[PDB]
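These notes are about the structure you will find just below.
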RNA sequence: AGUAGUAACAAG
Ligand SMILES: [Mg+2]
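Protein chains in written order, with the UniProt record's numbering: chain A, 205 to 716; chain B, 308 to 358; chain C, 41 to 119; chain D, 1 to 182, 210 to 633, 659 to 670.
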């Protein structure tokens, strides 16, 4: 394998300085002997190249600096805490084949409609175009009942209000650079940083309500083979004790709702590329008595789905029922337009009450990758168990004894899980499991690069704090740089701000 | 259709008591058709009211 | 691109499987309940016809049976 | 009562419950637009880190290359690419002395591999770059395209099937004055094209807030990179301080072994401190000529052809051309228009269109910009040379023995070419600091910079290495992400077998928990049954297959003998993940059922080939 | 409008 003239010249151009030819460098390497070069180079270098070890004492760490500005607003794809469901009792027969008729039945089960009116207007949008949408959603339903042939899916007519709320004819026309060379305002896209936002208190309440138990079962699992090996027995015990406690958590309801919504939206985008298809939010659960229950949350109107890449944005209009007055927390509903659509009659222990029922209408957008990852929300469950047994197994390694039955059977609050003005709140294993599942669900729902950066940056700080608590004399080389890197990811995401507040609280309580 | 779906014990029909003054197979070919015209409902793009 | 979504969409259709024309003789076109098992229309590319999974289940529960004992013998790594 | 999961760390150590710090359930961030800005930023950073080098104009290509070798020694803690060849050669010599005979055996094994290498090894790989189309193509398609091109302009000595023949054909193709494409091409433009590195933006990357640029080489250097990687792998396989290419369990064993080795001699009067850290700007800090010198030292007393083949790759990598990506997009609000400007037009374009940062980057990159490709002579691009850099780092790691330090302190540890754990023993704190400073200066002498922000030092007993957390002898493997555990989309039996095999492989490699494995199996079974409408025969779910499945269920007697695809029960468990479903339930099948299921005359067939292995339509 | 974040989508 010889070297040609062109490659010989290329090699001669790829040598260190003071080497004329490749043969000379090869001969120099072949006859080299190490003679104190490293020590001489070390002596030659100045003393400024040093790596001091700064001690990490109990007063060195400081609380993180949250950004300031206007309060953050809700940015989820659907309502979580304020969602209201219209429920019907599906019997054993007539299996779920069409969701449109189920939505129609759920709408028919209500008899308290009224003339809608705007309660909380949208600031940056045309409010009436929203209202004219909602009435249309009603009208297009009635046109189903008089149709000679009952259709499977309903496509909304492209009216004036639907053309503005779905962002039609909004992109600039694509023209060649030659025909627009001399334009006084032809510039590239503005690559500006996101506006800073301040943490609000509604996200904490959302997380608190996410961990509570419900009255229905939201997850049903199949069967597996019989247990033979003792490891299989332990695994089955752990899985059963996790599932029986976590099946009724609201995070499971959120998982099912998100999975169904994302699957329906993706299927509609794939099928109806040029239709304003109407998609209702429908969930299924099992009652305590053992009967199916179908719940309806609202409607989604989807625009055009001419998607080429995986980052193209589909715009849709989401209307969701709720029983929460938007005027209590106006800053949470910045990107929402809220109407008043009915008066629900609640029967409780105090008797009969009448509560106005609103309708949160907003314009949102989604991408193909976001929809694909929303269909796999069930993996959160798969992660939550992984966050439990791997912990419990750790307690086995330090004890050389399977502590599976020594933790689930402990009928006493054993783990610090909450915060109260009185002090740190204690909870059992089930509360910890529900909290971990809720954390995984919220990570899935509020996924953003900021959260991924912040978690990775703060993992090192957590490890340093743990090492300090172990009397291992931790040391740092540049704490200010690490703190700046941590604080760089906190811009506007409420979930990351809540996580940073949690970290600050843990840092405060870990040195007392 | 739902009441028919609630049953799962169908089998191949056969003549037990033949009609004397009528063409028996024309009856049998009718019954199968009644089944077939039901299945054509399930794959129809628009569900009809009457068949 | 995404095999899972394509598989789900194909299974949601009526005749997703392809098969040889000989299947027109071994199995009936219609079930005892009236459901269709295969379609007469020809696919693009060859003479193979279309077949629903109902035909596969029908063959599994009703079809020619033969003494097949060589499968555990020739297949040893799997068995 | 405000729920704070982080408060759980008050009692449970963070190493035991570190899984709460990995939000791997949401969609990873993607990139919208072009990677031209990131590529220009990377090139500007690379040339800024070597601003005190020697600028030399090229002859064959004319691009101005930069040489930082033997430059001024660093005067501050900022990154610098000034690497002395004498220090690198001395480190290689010391590594050879500490482990005699490794280089010769590695050379012999690599020569055997080279003599026993086919041409199809280039077919399997990531998305490569096609120079004829100047695009991104799969490896097999690009290989076929370049084979056709080399067939057009007559060079057909690679038809024997040996990779050496293809390398010789590429060698001879560089001397052709003219080239033809199935668009006539001359010699200089062809040479420039053959050194082009396609640049894009890495997607689905976790742990980072801002996007990063990733480069892909051409089809010519694939074989040389393969040979270099084989040599580096052979060298690393005989080194106990390397982190590649061992598995998770082997990595845990290596961590335990190194900790026990360091702690088996520590008395009461000896202190031991462990530091964990990453390497900042690792890719854009290692000069390819340093790799050339290392390879030259490796191949001492070897046949000339083999050493020339080894040295070809660093020569080309020392004069590589970096592409500028797609381009940019401009908008006019008043006229309501959008336009796309290709990357080739950036050479001649007014600076009033761009913002301050973009025009500054364009100004800095313009002198190095020729025919739409910039010069990137110093530094690696993304990941082309990993194990060679691991060898370079492990040389410095081995340089820390007492026979070389000749002082009361001595250090060892592990490295994976970006992450490193260093454990140093000294009788006092001053000795520990002196050893740390000596290690830092030695790393700086070679072109290795320790990220101060990402590095921290504590007492021995707890540390981290490549997402492996060691704490008092317990190691948790959390360096991967759980898959989706869904249907594959081929057929019934194939999807079932693939899912079961995936679950088993994840359990045996990713240290998946048994309960987690059972839950994943349940979820996969649910997804499979919902996708293929193969629900159990005793269920009350109405589908198109419900009637046939009910008939089959009531027809048979042994219910356990039915497959899941036919409504049978799921007998799979942890102990049975290595057994195919057909063979697992074979002894429970009825005579007629098993006769019909695997009938060789079924029309669906033209794992065991049963009636469920049908073929769908395109 | 909205999605989104260092550059793009809001069809070609
Ligand atoms: Mg590290």
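Idealized CB from N, CA, C, for every residue including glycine.
Chain B contact for residue 326 of chain A (CB, 8 angstroms cutoff): The residue labelled residue 326 of chain A in the question sits at position 122 within the first chain. No, residue 326 of chain A does not count as interfacial toward chain B.
Contacts of residue 312 of chain B in chain D (Cβ-Cβ under 7 angstroms): Taking the first residue of the second chain as 1, we reach residue 312 of chain B at position 5. Residues of chain D passing the Cβ test: 569.
Check for me: the alpha helix (DSSP H) holding residue 354 of chain D runs from which residue to which? Numbered from its first residue, the fourth chain carries residue 354 of chain D at position 327. It is not in any alpha helix (DSSP H) - residue 354 of chain D instead sits in the beta strand (DSSP E) that spans 354-359.
Buried versus exposed call for residue 360 of chain A [16 or more other C-beta atoms within 10 Å across all chains shown]: If you number the first chain from 1, residue 360 of chain A lands on position 156. With 16 or more other Cβ atoms within 10 Å, it is buried.
Look at the alpha carbon of residue 588 of chain A and the alpha carbon of residue 301 of chain A, and state the distance between them as a whole number of angstroms. In the first chain, counting from the first residue as 1, residue 588 of chain A sits at position 384. In the first chain, counting from the first residue as 1, residue 301 of chain A sits at position 97. Computed Cα separation, rounded: 32 angstroms.
Can we say the stretch 462-482 of chain A touches the stretch 559-571 of chain D, given the rule of at least three CB pairs closer than 8 angstroms? no
Please look up how many angstroms separate the CB atoms of residue 647 of chain A and residue 25 of chain D, rounded, as I've assumed it's under 8 angstroms. Position 443 of the first chain, counted from the start, is the residue given in the question as residue 647 of chain A. Position 25 of the fourth chain, counted from the start, is the residue given in the question as residue 25 of chain D. The pair is a contact, with the Cβ atoms about 5 angstroms apart (cut-off 8 angstroms).
For residue 133 of chain D and residue 357 of chain A, the rounded distance between their alpha carbons: For the purposes of this step, residue 357 of chain A is identified with residue 153 of the first chain, where counting begins at 1. For the purposes of this step, residue 133 of chain D is identified with residue 133 of the fourth chain, where counting begins at 1. So the two alpha carbons sit approximately 44 angstroms from each other.
Please list the terminal residues of the continuous alpha helix (DSSP H) segment that includes residue 423 of chain D. To locate residue 423 of chain D, count along the fourth chain from 1; it is residue 396. 414-425 is the span of the alpha helix (DSSP H), which, as asked, contains residue 423 of chain D.
Neighbour-count burial assignment, residue 483 of chain D, 16 or more Cβ in a 10 Å radius: The sequence position of residue 483 of chain D within the fourth chain is 456, counting from 1. By the 10 Å Cβ count, residue 483 of chain D comes out buried.
Using three-state DSSP, classify residue 82 of chain D as helix, strand or coil. By 1-based counting over the fourth chain, the position of residue 82 of chain D is 82. Here residue 82 of chain D sits in coil by DSSP.
Just checking residue 21 of chain D against ligand 1 - is the residue's beta carbon closer than 7 angstroms to any of the ligand's heavy atoms? As a first step, residue 21 of chain D is located in the fourth chain; it is residue number 21 there, counting from the start. It does not: the Cβ of residue 21 of chain D is nowhere closer than 7 angstroms to a heavy atom of ligand 1.
Could you give the residue range of the alpha helix (DSSP H) that holds residue 169 of chain D? Within the fourth chain, numbered from 1, the residue matching residue 169 of chain D stands at position 169. Per DSSP, residue 169 of chain D belongs to the alpha helix (DSSP H) from 163-173.
Would the stretch 394-403 of chain A and the stretch 263-282 of chain A be scored as touching if the rule is three or more Cβ pairs under 8 angstroms? yes
In this structure, does DSSP put residue 24 of chain D in helix, strand or coil? The count along the fourth chain starts at 1 and reaches residue 24 of chain D at position 24. Of the three classes helix, strand and coil, the one that applies to residue 24 of chain D here is coil, per DSSP.
Does residue 365 of chain D come out as helix, strand or coil in the three-state DSSP assignment? Along the fourth chain, read from residue 1 onward, the residue named residue 365 of chain D stands at position 338. Strand, per DSSP.
Quick one: does residue 101 of chain C have its CB under 8 angstroms from some CB of chain B? Numbered from its first residue, the third chain carries residue 101 of chain C at position 61. No, because no Cβ of chain B sits closer than 8 angstroms to the Cβ of residue 101 of chain C.
By the three-class DSSP mapping on this structure, what secondary structure does residue 637 of chain A have? Here residue 637 of chain A refers to the residue found at position 433 when the first chain is read from its first residue. Note: residue 637 of chain A maps to helix in three-state DSSP.
Quick one: which unbroken beta strand (DSSP E) runs of 3-plus residues sit fully inside the stretch 223-302 of chain D? Chain order, please. 223-228 and 240-243
Between the CA atoms of residue 289 of chain A and residue 307 of chain A - distance to the nearest angstrom: Along the first chain, one-based indexing puts residue 307 of chain A at 103. Along the first chain, one-based indexing puts residue 289 of chain A at 85. Their backbone Cα atoms lie some 11 angstroms apart in a straight line.
Give the residues whose C-beta lies closer than 7 angstroms to at least one heavy atom of ligand 1, in chain order. D:303, D:304, D:305, D:446, D:481, D:491 and D:492
Would you please state the rounded distance, in angstroms, between the beta carbons of residue 242 of chain A and residue 470 of chain D? I believe it to be under 8 angstroms. Locating residue 242 of chain A in the first chain gives position 38, counting from the first residue. Locating residue 470 of chain D in the fourth chain gives position 443, counting from the first residue. Not confirmed; about 12 angstroms, so no contact.
Rounded distance between the beta-carbons of residue 252 of chain A and residue 76 of chain D, thought under 8 angstroms: On the fourth chain, residue 76 of chain D is found 76 positions in, with the first residue counted as 1. On the first chain, residue 252 of chain A is found 48 positions in, with the first residue counted as 1. Yes, they are in contact, since the Cβ atoms of residue 76 of chain D and residue 252 of chain A sit about 6 angstroms apart, within 8 angstroms.
Counterpart residues of residue 544 of chain A in DSSP-defined beta bridges: In the first chain, counting from the first residue as 1, residue 544 of chain A sits at position 340. Residue 544 of chain A is bridged to A:321 and A:562.
Residue 11 of chain D CB to nearest chain A CB: under 8 angstroms? Against the fourth chain, residue 11 of chain D aligns to sequence position 11. Chain A, which has a Cβ nearer than 8 angstroms to the Cβ of residue 11 of chain D, makes this yes.
As a quick exercise: from D:13, D:316 and D:17, pick the residue whose alpha carbon is nearest that of residue 718 of chain A. Because chain A here runs from 205 to 716, residue 718 of chain A falls outside it and cannot be looked at.
Using the Cβ count rule (16 or more neighbours within 10 Å means buried), how would you classify residue 557 of chain A? Mapped onto the first chain, residue 557 of chain A falls at position 353. When all chains shown are included, residue 557 of chain A counts as exposed.
Tell me the residue span of the beta strand (DSSP E) that contains residue 437 of chain D. In the fourth chain, residue 437 of chain D corresponds to position 410, counting from 1. Counting along the chain, the beta strand (DSSP E) containing residue 437 of chain D begins and ends at 437-442.
Determine whether the Cβ of residue 577 of chain D lies closer than 8 angstroms to any Cβ atom of chain B. Numbered from 1 along the fourth chain, position 550 holds the residue referred to as residue 577 of chain D. Residue 577 of chain D counts as touching chain B.
Let me make sure I understand the geometry here. Which of D:39, D:312, D:310 and D:248 has the alpha-carbon closest to that of residue 139 of chain D? The residue you call residue 139 of chain D lines up with position 139 of the fourth chain. If we check each option's Cα against that of residue 139 of chain D, D:248 comes out closest.
Taking the beta strand (DSSP E) that residue 481 of chain A belongs to, which residues open and close that run? Residue mapping note: residue 481 of chain A aligns to position 277 of the first chain, counting from 1. Looking at the DSSP string, the run of the beta strand (DSSP E) that includes residue 481 of chain A is 480-490.
Return the first residue and the last residue of the beta strand (DSSP E) that residue 518 of chain A is part of. Position 314 of the first chain, counted from the start, is the residue given in the question as residue 518 of chain A. Element bounds for residue 518 of chain A: 517-526.
With a threshold of 16 other CB atoms inside 10 Å of the CB of residue 172 of chain D, please say whether the residue is buried or exposed. Taking the fourth chain and counting its residues from 1, one reaches residue 172 of chain D at position 172. Answer is exposed; the Cβ neighbour count stays below 16.
Shortest alpha-carbon distance to residue 429 of chain D belongs to which of D:29, D:13 and D:94? Residue mapping note: residue 429 of chain D aligns to position 402 of the fourth chain, counting from 1. Closest by alpha carbon: D:94.
Residues within the stretch 58-77 of chain C neighbouring chain B, beta-carbon criterion of under 9 angstroms: 70, 71, 72, 73, 74, 75 and 76
My guess is that residue 682 of chain D and residue 489 of chain D are in contact by the Cβ rule of under 8 angstroms, so how many angstroms apart are they, rounded? Here chain D covers residues 1 to 670 and nothing more, so residue 682 of chain D does not appear.
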